[PDB]
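See below for the structure under consideration.
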Amino acid sequence: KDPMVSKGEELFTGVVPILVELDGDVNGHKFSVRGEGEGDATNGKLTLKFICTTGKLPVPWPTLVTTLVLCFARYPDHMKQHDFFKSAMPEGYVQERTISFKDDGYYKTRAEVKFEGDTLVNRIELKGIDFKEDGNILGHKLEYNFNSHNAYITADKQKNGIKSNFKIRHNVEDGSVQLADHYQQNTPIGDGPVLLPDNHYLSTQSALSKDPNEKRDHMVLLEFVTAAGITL
């Protein structure tokens, strides 16, 4: 549509720098997180490092993974017309969630995902309400790991966007599982050629690690995201 200005999926054919900034308030504990790295949508790959820039993170790092850039999913060639996330770029989209932790509190998140220059930027405000002081979150009882999940995507025609409902399973240190029910909405910031997809899902795998030379509270993240569910 413009051979002289890359738009939509054309912005993601190579390796793209990423900046993430989150400011959070959980039960009145206010904190900030900054992440940086790169995305390789051709391979569905994210490599990021996140630092809590205010001190110790008052919630477990795994509980923030889904909040801390689905435009880097690898959509198969026969599914490219269903990629809402890239089609909104560079102007971007708003991603909102409520995440309810079973038998504990909830997060509300609002984020803008858009290009700032050559960098894909995810800026987030997070509010956490009703957490138990001796629960798995404020008590830091969740294992430092992450399971693989599927997130089913459906069009939200009235808002020209998409929705998603899915449950994250967080391993607890006692061998139990802590469910985190995600209600997600995405709406474009602009109004260009936005693609409203047929039903499909995103398959996601994550690996968490530590940087042995990093003094600050932090999370190193490798993540893969791949679209599926429509037949060739």
Side-chain angles (χ1 to χ4, degrees), residues 6 8-24 31-54 57 59-77 79-80 83-86 88-90 92-93 95 97 109 111-124 126 142-151 153 164 166 168-171 180 182 184 186 201-228:
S6 302
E9 81 197 313
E10 305 171 331
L11 290 161
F12 295 89
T13 53
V15 174
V16 176
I18 299 168
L19 176 64
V20 181
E21 163 65 28
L22 178 148
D23 292 278
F31 59 96
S32 193
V33 169
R34 178 178 182 95
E36 63 183 23
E38 55 191 33
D40 173 10
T42 303
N43 285 315
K45 182 187 189 175
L46 301 176
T47 50
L48 296 159
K49 180 176 162 190
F50 301 88
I51 286 146
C52 180
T53 55
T54 49
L57 194 66
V59 300
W61 282 104
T63 70
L64 300 182
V65 166
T66 62
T67 297
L68 299 165
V69 290
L70 298 172
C71 47
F72 288 105
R74 178 47 147 108
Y75 274 72
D77 298 319
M79 286 178 63
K80 301 290 205 177
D83 187 348
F84 165 85
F85 306 99
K86 293 183 190 59
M89 295 298 165
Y93 52 79
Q95 178 165 297
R97 295 205 182 95
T109 66
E112 285 193 352
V113 185
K114 65 179 172 288
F115 276 90
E116 293 171 16
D118 294 319
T119 300
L120 189 284
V121 185
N122 179 23
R123 294 187 185 275
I124 313 133
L126 178 149
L142 298 183
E143 299 187 331
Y144 191 70
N145 51 32
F146 215 83
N147 293 306
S148 311
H149 301 91
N150 302 296
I153 308 302
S164 190
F166 60 95
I168 293 290
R169 294 165 278 103
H170 294 296
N171 290 5
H182 285 53
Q184 178 184 331
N186 292 62
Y201 63 94
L202 301 182
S203 171
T204 312
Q205 302 85 33
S206 308
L208 281 51
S209 61
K210 300 293 186 182
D211 177 353
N213 304 135
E214 180 55 62
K215 298 160 182 173
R216 300 181 185 269
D217 197 1
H218 72 284
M219 167 173 75
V220 179
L221 178 67
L222 170 74
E223 182 165 288
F224 296 101
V225 185
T226 311

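The residues of the chain are indexed from 1 along the displayed sequence.
- Under a 3.5 Å cut-off, the side chain of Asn147 and the backbone N or O of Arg169 do form a donor-acceptor pair.
- Between the side chain of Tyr144 and the backbone N or O of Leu208 there is no donor-acceptor pair closer than 3.5 Å.
- The side-chain contact (heavy atoms from CB on, under 4.5 Å) with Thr109 is formed by just one residue from the set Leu64, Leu126, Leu68, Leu22; it is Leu126.
- Residues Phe85 and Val69 fail the side-chain proximity criterion, which asks for heavy atoms closer than 4.5 Å.
- Contact check for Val16 versus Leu11: no side-chain heavy atoms found under the 4.5 Å cut-off.
- Going from atom CD1 of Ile51 over to atom OG1 of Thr53 covers 8.0 Å, rounded to the nearest 0.5 Å.
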(request) Would you sort out whether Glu223 and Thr47 count as a side-chain hydrogen bond (donor to acceptor under 3.5 Å, both in side chains), showing the intermediate values? (result) CA-CA 7 Å; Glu223 182 165 288; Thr47 50; over 6 Å; no
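- Residues in residues 112-122 take part in these salt bridge (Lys or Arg N to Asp or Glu O under 4.0 Å) pairs, two or more places apart or across chains: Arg110-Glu112, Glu112-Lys114, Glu116-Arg123.
- Ring planes of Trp61 and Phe50: tilted class, angle from 30 to 60°.
- Two residues are said to be in side-chain contact when any heavy atoms from C-beta on lie closer than 4.5 Å; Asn145 and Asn171 meet this criterion.
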(request) Could you walk me through whether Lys45 and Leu222 pass the side chain to side chain contact (heavy atoms under 4.5 Å, CB included) test, one step at a time? (result) CA-CA 7 Å; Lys45 182 187 189 175; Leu222 170 74; 3.5 Å; yes
(message) Let's go through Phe146 and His149 carefully: what are the C-alpha distance in whole Å and the side-chain angles of both, what is the deciding distance for side chain to side chain contact (heavy atoms under 4.5 Å, CB included) to 0.1 Å, and is it a yes or a no?
(response) CA-CA 9 Å; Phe146 215 83; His149 301 91; 3.8 Å; yes
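- Across all their heavy atoms, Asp23 and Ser32 have their closest contact at OD1-OG, 2.9 Å.
- At a threshold of 4.5 Å between non-hydrogen side-chain atoms, the residues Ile18 and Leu48 count as touching.
- Applying the salt bridge (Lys or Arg N to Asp or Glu O under 4.0 Å) rule to pairs touching residues 206-216 yields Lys49-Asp211, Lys49-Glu214, sequence neighbours excluded.
- Taking the centre and axis of the six-membered ring of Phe12, the NZ or CZ atom of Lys86 falls inside the cone set by 45° and 6.0 Å.
- The two residues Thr13 and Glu10 have their closest heavy-atom pair at OG1-O, 3.6 Å.
- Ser203 places none of its side-chain heavy atoms less than 4.5 Å from the side chain of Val225.
- Residues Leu120 and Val113 are in side-chain contact: their nearest non-hydrogen atoms beyond the backbone lie under 4.5 Å apart.
- To the nearest 0.5 Å, atom CG of residue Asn122 and atom CG of residue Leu19 are 9.0 Å apart.
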(request) Quick one: do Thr204 and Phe224 satisfy side chain to side chain contact (heavy atoms under 4.5 Å, CB included)? Show the steps, please. (result) CA-CA 6 Å; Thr204 312; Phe224 296 101; over 6 Å; no
(message) With side-chain hydrogen bond (donor to acceptor under 3.5 Å, both in side chains) as the criterion, how do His182 and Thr66 come out once you've worked through the C-alpha distance, each side chain's angles and the decisive distance to 0.1 Å?
(response) CA-CA 9 Å; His182 285 53; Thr66 62; 2.7 Å; yes
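- For the pair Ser164 and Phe166, the tightest heavy-atom approach, listed with the atom from each and the gap, is OG-CD2, 3.4 Å.
- For the pair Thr67/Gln95, no side-chain contact is recorded, criterion being any heavy-atom separation below 4.5 Å from C-beta on.
- In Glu21, the CD atom is crowded: over 12 heavy atoms of neighbouring residues, nucleotides or ligands sit closer than 6.0 Å.
- Scanning all heavy atoms of the two residues, the minimum distance from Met79 to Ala227 falls at CE-CB, 3.8 Å.
- Separation of atoms SG (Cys52) and CE (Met219) is listed at 11.5 Å; rounding is to 0.5 Å.
- Here the OG1 atom belonging to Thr54 is positioned 13.5 Å from the CZ atom belonging to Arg34, to the nearest 0.5 angstrom.
- Counting heavy atoms from C-beta on, the side chains of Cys71 and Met89 come closer than 4.5 Å.
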(request) Just do the side chain to side chain contact (heavy atoms under 4.5 Å, CB included) check on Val33 and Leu57 with the steps written out, would you? (result) CA-CA 8 Å; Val33 169; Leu57 194 66; 3.8 Å; yes
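- Ring pair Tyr93/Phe84 is tilted by interplanar angle, where 30° to 60° counts as tilted.
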